[PDB]
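Working notes, beginning with the structure itself.
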Amino acid sequence: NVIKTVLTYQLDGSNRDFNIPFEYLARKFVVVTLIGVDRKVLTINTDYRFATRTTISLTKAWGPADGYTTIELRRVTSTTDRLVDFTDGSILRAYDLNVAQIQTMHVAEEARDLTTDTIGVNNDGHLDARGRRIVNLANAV
Amino acid sequence: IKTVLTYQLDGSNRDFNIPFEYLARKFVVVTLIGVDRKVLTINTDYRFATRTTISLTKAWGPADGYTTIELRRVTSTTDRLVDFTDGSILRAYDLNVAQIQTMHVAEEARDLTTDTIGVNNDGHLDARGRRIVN
Amino acid sequence: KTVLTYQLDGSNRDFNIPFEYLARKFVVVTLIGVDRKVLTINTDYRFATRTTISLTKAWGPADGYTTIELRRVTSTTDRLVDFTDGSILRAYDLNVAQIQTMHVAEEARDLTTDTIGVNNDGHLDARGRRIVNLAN
Amino acid sequence: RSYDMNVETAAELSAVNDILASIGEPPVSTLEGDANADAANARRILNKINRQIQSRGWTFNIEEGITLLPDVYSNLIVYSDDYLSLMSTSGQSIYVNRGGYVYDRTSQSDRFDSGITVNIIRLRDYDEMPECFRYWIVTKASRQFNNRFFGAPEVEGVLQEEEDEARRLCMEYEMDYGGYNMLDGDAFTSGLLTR
Amino acid sequence: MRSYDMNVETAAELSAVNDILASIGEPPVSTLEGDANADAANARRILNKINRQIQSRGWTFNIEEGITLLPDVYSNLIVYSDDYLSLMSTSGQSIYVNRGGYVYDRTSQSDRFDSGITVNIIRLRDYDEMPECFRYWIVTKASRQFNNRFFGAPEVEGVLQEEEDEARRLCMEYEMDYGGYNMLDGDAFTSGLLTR
Amino acid sequence: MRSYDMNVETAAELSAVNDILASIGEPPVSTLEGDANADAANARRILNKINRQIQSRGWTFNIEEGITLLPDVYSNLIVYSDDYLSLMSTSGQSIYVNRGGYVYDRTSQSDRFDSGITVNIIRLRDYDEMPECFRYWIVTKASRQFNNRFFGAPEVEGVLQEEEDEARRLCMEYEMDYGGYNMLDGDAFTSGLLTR
Amino acid sequence: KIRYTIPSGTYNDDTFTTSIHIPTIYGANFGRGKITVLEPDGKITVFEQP
């Protein structure tokens, strides 16, 4: 039910450190986007930093004055590019087997957490749009 | 075939069948659906009478405030049942369980239609008496 | 993408398969008419190549079925690779073991997006459908 | 190893591997299949120790003022097997287990019109324990595992020392979490301090 | 629980494992990458175990006071990670527990938060991030436990018992020097009593 | 004496027996049903023996005060069952004993009662009905007595002796927490002395 | 144990199976036992007895 791969925090205009609760295999798999009037994606080394493996430090504080109410931390694991590919000559290793298993789990888990990209039931009995517009509704009757 | 299914609640019944395959009992989640949603605990509120059925210690119904019960499979993504350790014998059982566990998560990944709006016969978007927020 | 449709009134049988599939039982072919018709493989379509399906009969908009849907449904219960002790561990078998779960995940990325999804502007793109039964 | 990964490992498998490591055995990669006696024995001792330490009673796990609602028809409150401790909120306790149901010994009744309010300890998972408590559970489980399934006496003296230290750090956690004060936090002395 | 063996080895972690291996007389390994070395793999597991245990005890350098934990805006849940070795209140009796992997207010019986909570938290750090004296104590304690579990030499047990006590003593000296604690003016209660 | 072998096996009783079996290093059994397992049968016999013994000691949770035992209207006999682990008077010196399986008033030298008698009684309870701490003490004491009689390992003896002492201590902590006894206002004598 | 080159016409496309005949392989029939087919790359497929 509750999404574990997409974490979004309120932006107060003075806090620049945000926690990463979910696992990830590469820092590029973590996507930092500021939500507000628009959804602005941030750059790995110019807009933020990995202060620790569980903490993202923004270079600049963002807030409602900047037009961004929330910041979102989302894991996007590569589906076409696998981190481990076995060869007919390679020594089988525990690390390679772990990464292959974990990468498929993240892809499966990210698929199971797609209520973020649709209208799904939140903790309460309410369908959640999660701070974006329902565009192209057009006429109503 | 479905990893999520719901049974209507009456005070007479206490046994509910589990159709799906679960690797661990903690992967099965039992919730009471009414005006309020309540997750039950493994031993105080129910039990596993057999592998494929769950028996509640208490009978529930409209008087208690819950008209339906939901039996859902939630395989753990963070807590993997298999972790390969260096210098350990590579067993085919470990490889198969690692493949099944990630498959179960992906199997539940294609059952989010229940937790979504859904589409009508007319092709509209049917919010089943649910407010849309944010 | 795991779902694609072709509408061909003229005499044509061949439809290129965009998605990768592990087994022929995973590709399911339906006819989207007034009511959907699920077609068996041997009677209705042959795999002329791994990339293309040659659906027997025209099945054109002359019939109600008009367009043809190529859907990938990977089986969760059935695993194409089952590791057995005493068998040579093959890099192919290890690689395809992850792929089957990934394909199921890919098919899930489209089933949820089907009813309602998010467009490239980061907004939920409705298909022009009223939100009925909505509670205030 | 490439990439700056951030991944977790299941704590129960880590706890079991710590128990097998205590007697010098290689770790297992998995805990299911029901064909591994070491997995069955270590996991069973881990649950027993986890159950036993939680039942002792700590500020973080003693839930105060919890209401247990009876059945609407039978008016029976189930006395759960996972109720490690059930007491009254104050004074002498009056509720006992009688046939799996909460029984009021003073009034001699299993029937309750409304929910009772009790001081309850309900069994939690090993994952939900504080890190110091997890170490104490694992250390105590390892010590019990050696006494029952290894039997080496030099391991006993080592794990006896470790459990004593493990319990000490959990006792430090209880006081830091408790924040107990005998002047104003005290139930009786706080009244005596009013001028 | 954080995976110790899934990241690149640091020079200090390589040094620590070889020190643990030396305790029973195993020769040093060049890398922590999988070479089917059961002893090195066992040493790393005990190294991680002792690293978590000593950090969770609590020290001025690693106890973070006044830390805000932010909730998810749409779920109102604050995650209680397994890397939170200790989570307390800033003052008085603590009210937050772990329930299902999320922060739970036991007094209010709620896991929903509209705003961040301020807690006294110990978060797991890398062994590379430990002070030098604390690294020595972790290795000494890991070496002692490693010998007890996988060799059991009683002569090695006695010496590492003395080494750990000395290693813990020097960590206590570090913690007092780092803390700079004063019972007159650095005291919460007595400093108020000193005003004339 | 109540039969321990003749009813359905419960999860706790099965868990208790496997705990007792583990004390000498025996693997767990799936069921308590007769499979010619002498060790499991021996463990269940000691489990029942220890269960009766600790309950008969007397605790606030299991001592029933003011219980009325009713006689048979046509025989005027009150049965003194073997499940009455203790039978006392509510106050002062006790006057009832067991004579031929029936309650006997030793002061009046009669076993005939026209009406119910009020007694402080301990009645045998299932091991399920015991508090978690008391279940652990019963298992720990049964495990110690099982090893003493059927294996006799001296190293196991020493550890189980220490475990029983800890188990009994935690049952004593439960006794006072459950009891909530006060010497000022909860005292039979002092509370009267506190009135001004 | 026998080395067998699979002949033409054994593969059926409507079933996507290459079915080999045991009497063709051995010149003989069999009653009981698991059958293992070993490919040169190491792929093992095991056939349980009907």
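Ordering of the structure tokens sets the chain letters (A, B, ...); residue numbers start at 1 within each chain; ligands are numbered from 1 in the order shown.
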
Please provide the set of residues having any atom within 8 Å of residue A:3, restricted to only C-alpha atoms, with same-chain residues fewer than 6 positions apart removed, written as a PDB file with N, CA, C and O atoms, in the first residue's frame.
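The result, written out as selection_35.pdb:
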```pdb
ATOM      1  N   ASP A 113       4.923   0.193  -6.839  1.00  0.00           N
ATOM      2  CA  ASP A 113       4.732   1.498  -6.221  1.00  0.00           C
ATOM      3  C   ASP A 113       4.274   2.551  -7.223  1.00  0.00           C
ATOM      4  O   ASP A 113       4.578   3.734  -7.056  1.00  0.00           O
ATOM      5  N   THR A 115       1.290   3.624  -7.774  1.00  0.00           N
ATOM      6  CA  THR A 115       0.199   4.491  -7.354  1.00  0.00           C
ATOM      7  C   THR A 115       0.640   5.945  -7.267  1.00  0.00           C
ATOM      8  O   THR A 115      -0.210   6.839  -7.226  1.00  0.00           O
ATOM      9  N   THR A 116       1.953   6.191  -7.234  1.00  0.00           N
ATOM     10  CA  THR A 116       2.470   7.553  -7.307  1.00  0.00           C
ATOM     11  C   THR A 116       2.184   8.181  -8.666  1.00  0.00           C
ATOM     12  O   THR A 116       1.812   9.357  -8.747  1.00  0.00           O
TER      13      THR A 116
END
```

Write out as an mmCIF file with C-alpha atoms, in the first residue's frame the residues lying within 10 Å of residue A:120, counting only C-alpha atoms and excluding same-chain residues fewer than 5 positions away.
```
data_model
loop_
_atom_site.group_PDB
_atom_site.id
_atom_site.type_symbol
_atom_site.label_atom_id
_atom_site.label_comp_id
_atom_site.auth_asym_id
_atom_site.auth_seq_id
_atom_site.Cartn_x
_atom_site.Cartn_y
_atom_site.Cartn_z
ATOM 1 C CA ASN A 1 0.000 0.000 0.000
ATOM 2 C CA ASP A 113 4.732 1.498 -6.221
ATOM 3 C CA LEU A 114 3.115 3.054 -9.313
ATOM 4 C CA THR A 115 0.199 4.491 -7.354
ATOM 5 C CA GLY A 125 -9.794 5.936 2.212
ATOM 6 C CA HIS A 126 -9.135 8.756 -0.257
ATOM 7 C CA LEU A 127 -7.831 8.667 -3.815
ATOM 8 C CA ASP A 128 -4.632 10.721 -3.867
ATOM 9 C CA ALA A 129 -3.418 12.871 -6.749
ATOM 10 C CA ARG A 130 -0.199 13.649 -4.816
ATOM 11 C CA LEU B 112 -2.707 -2.420 -8.284
ATOM 12 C CA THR B 113 -5.898 -2.135 -10.357
ATOM 13 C CA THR B 114 -7.795 -2.875 -7.132
ATOM 14 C CA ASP B 115 -6.073 0.063 -5.392
ATOM 15 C CA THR B 116 -6.789 2.342 -8.375
ATOM 16 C CA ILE B 117 -9.873 4.163 -9.667
ATOM 17 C CA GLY B 118 -10.889 1.593 -12.261
ATOM 18 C CA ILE B 132 -9.835 13.002 -4.663
ATOM 19 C CA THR C 112 -1.774 0.614 -14.033
#
```

Which of stretch 35-115 of chain B fall in helix (DSSP H, G or I), as a short mmCIF file (atom, residue, chain, number, x, y, z; two decimals) with N, CA, C and O atoms, in the first residue's frame:
```
data_model
loop_
_atom_site.label_atom_id
_atom_site.label_comp_id
_atom_site.auth_asym_id
_atom_site.auth_seq_id
_atom_site.Cartn_x
_atom_site.Cartn_y
_atom_site.Cartn_z
N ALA B 92 20.81 -24.54 -5.52
CA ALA B 92 19.76 -24.19 -6.48
C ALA B 92 18.49 -23.74 -5.78
O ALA B 92 17.70 -22.99 -6.36
N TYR B 93 18.26 -24.20 -4.55
CA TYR B 93 17.10 -23.73 -3.79
C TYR B 93 17.20 -22.24 -3.51
O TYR B 93 16.21 -21.51 -3.58
N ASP B 94 18.41 -21.76 -3.18
CA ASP B 94 18.60 -20.34 -2.94
C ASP B 94 18.32 -19.52 -4.19
O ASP B 94 17.67 -18.47 -4.13
N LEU B 95 18.79 -19.99 -5.35
CA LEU B 95 18.56 -19.28 -6.60
C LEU B 95 17.08 -19.26 -6.96
O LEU B 95 16.58 -18.27 -7.49
N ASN B 96 16.38 -20.36 -6.69
CA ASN B 96 14.96 -20.42 -7.03
C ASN B 96 14.13 -19.53 -6.11
O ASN B 96 13.21 -18.85 -6.57
N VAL B 97 14.45 -19.50 -4.82
CA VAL B 97 13.69 -18.67 -3.90
C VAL B 97 13.93 -17.19 -4.19
O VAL B 97 13.01 -16.37 -4.10
N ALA B 98 15.16 -16.83 -4.55
CA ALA B 98 15.44 -15.45 -4.92
C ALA B 98 14.65 -15.04 -6.15
O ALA B 98 14.20 -13.89 -6.27
N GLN B 99 14.46 -15.97 -7.08
CA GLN B 99 13.68 -15.68 -8.28
C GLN B 99 12.19 -15.62 -7.98
O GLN B 99 11.47 -14.81 -8.57
N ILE B 100 11.71 -16.48 -7.09
CA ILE B 100 10.29 -16.50 -6.76
C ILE B 100 9.90 -15.26 -5.97
O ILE B 100 8.84 -14.67 -6.19
N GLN B 101 10.75 -14.85 -5.02
CA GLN B 101 10.40 -13.71 -4.17
C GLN B 101 10.27 -12.43 -4.98
O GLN B 101 9.32 -11.66 -4.79
N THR B 102 11.20 -12.19 -5.90
CA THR B 102 11.10 -11.00 -6.74
C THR B 102 9.94 -11.14 -7.72
O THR B 102 9.32 -10.14 -8.10
N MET B 103 9.61 -12.37 -8.13
CA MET B 103 8.44 -12.59 -8.97
C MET B 103 7.16 -12.27 -8.21
O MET B 103 6.21 -11.72 -8.79
N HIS B 104 7.09 -12.62 -6.93
CA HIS B 104 5.90 -12.33 -6.14
C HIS B 104 5.66 -10.83 -6.03
O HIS B 104 4.52 -10.37 -6.12
N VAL B 105 6.73 -10.05 -5.84
CA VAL B 105 6.58 -8.60 -5.82
C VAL B 105 6.07 -8.10 -7.16
O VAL B 105 5.17 -7.25 -7.22
N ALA B 106 6.62 -8.62 -8.25
CA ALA B 106 6.16 -8.24 -9.58
C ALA B 106 4.74 -8.74 -9.84
O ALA B 106 3.97 -8.10 -10.56
N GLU B 107 4.39 -9.89 -9.27
CA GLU B 107 3.02 -10.38 -9.39
C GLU B 107 2.04 -9.45 -8.69
O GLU B 107 0.95 -9.18 -9.21
N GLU B 108 2.39 -8.96 -7.50
CA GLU B 108 1.56 -7.96 -6.85
C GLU B 108 1.63 -6.62 -7.56
O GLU B 108 0.72 -5.79 -7.42
N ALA B 109 2.69 -6.39 -8.34
CA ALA B 109 2.81 -5.14 -9.09
C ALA B 109 1.74 -5.01 -10.16
O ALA B 109 1.40 -3.89 -10.56
#
```

Point to revise | Residues flagged strand (DSSP E) by DSSP in stretch 16-93 of chain C, as a VMD selection string | key: chain C and resid 16 27 to 32 36 to 38 45 to 46 52 to 55 68 to 72

Could you please tell me, as a PDB file with C-alpha atoms, in the first residue's frame, which residues of chain E have an atom within 10 Å of chain A when using only C-alpha atoms?
```
ATOM      1  CA  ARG E   2      22.783  -2.110   6.364  1.00  0.00           C
ATOM      2  CA  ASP E   5      29.715  -6.408   2.230  1.00  0.00           C
ATOM      3  CA  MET E   6      27.930  -4.739  -0.708  1.00  0.00           C
ATOM      4  CA  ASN E   7      30.047  -1.580  -1.126  1.00  0.00           C
ATOM      5  CA  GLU E  33      36.194  -9.062  -2.601  1.00  0.00           C
ATOM      6  CA  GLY E  34      34.883 -12.611  -2.662  1.00  0.00           C
ATOM      7  CA  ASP E  35      37.736 -15.117  -2.820  1.00  0.00           C
ATOM      8  CA  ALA E  36      35.826 -17.874  -0.954  1.00  0.00           C
ATOM      9  CA  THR E  68      14.345  16.831  12.707  1.00  0.00           C
ATOM     10  CA  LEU E  69      12.852  13.770  11.013  1.00  0.00           C
ATOM     11  CA  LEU E  70      10.539  14.810   8.238  1.00  0.00           C
ATOM     12  CA  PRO E  71       7.348  12.934   7.338  1.00  0.00           C
ATOM     13  CA  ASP E  72       6.052  12.126   3.890  1.00  0.00           C
ATOM     14  CA  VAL E  73       3.558  14.820   2.936  1.00  0.00           C
ATOM     15  CA  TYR E  74       1.048  12.349   1.481  1.00  0.00           C
ATOM     16  CA  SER E  75       1.406   9.459   3.954  1.00  0.00           C
ATOM     17  CA  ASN E  76       2.387  11.413   7.107  1.00  0.00           C
ATOM     18  CA  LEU E  77       4.780   8.575   7.980  1.00  0.00           C
ATOM     19  CA  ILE E  78       8.297   9.016   9.359  1.00  0.00           C
ATOM     20  CA  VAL E  79      10.440   5.983   8.602  1.00  0.00           C
ATOM     21  CA  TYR E  80      12.135   4.238  11.526  1.00  0.00           C
ATOM     22  CA  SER E  81      15.123   2.821   9.673  1.00  0.00           C
ATOM     23  CA  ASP E  82      17.208  -0.063  10.973  1.00  0.00           C
ATOM     24  CA  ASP E  83      20.176   2.331  10.811  1.00  0.00           C
ATOM     25  CA  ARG E 112       0.840  10.101  11.501  1.00  0.00           C
ATOM     26  CA  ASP E 114       1.863  16.659   9.943  1.00  0.00           C
ATOM     27  CA  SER E 115       5.344  18.084  10.586  1.00  0.00           C
ATOM     28  CA  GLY E 116       8.843  16.958  11.447  1.00  0.00           C
ATOM     29  CA  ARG E 125      28.032   5.542  10.526  1.00  0.00           C
ATOM     30  CA  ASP E 126      30.760   3.868   8.524  1.00  0.00           C
TER      31      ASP E 126
END
```

Review point. Smallest atom-to-atom distance to residue A:132: which of A:100, A:32, A:119, A:41, using only C-alpha atoms?
Key: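 Nearest to residue A:132: A:119.
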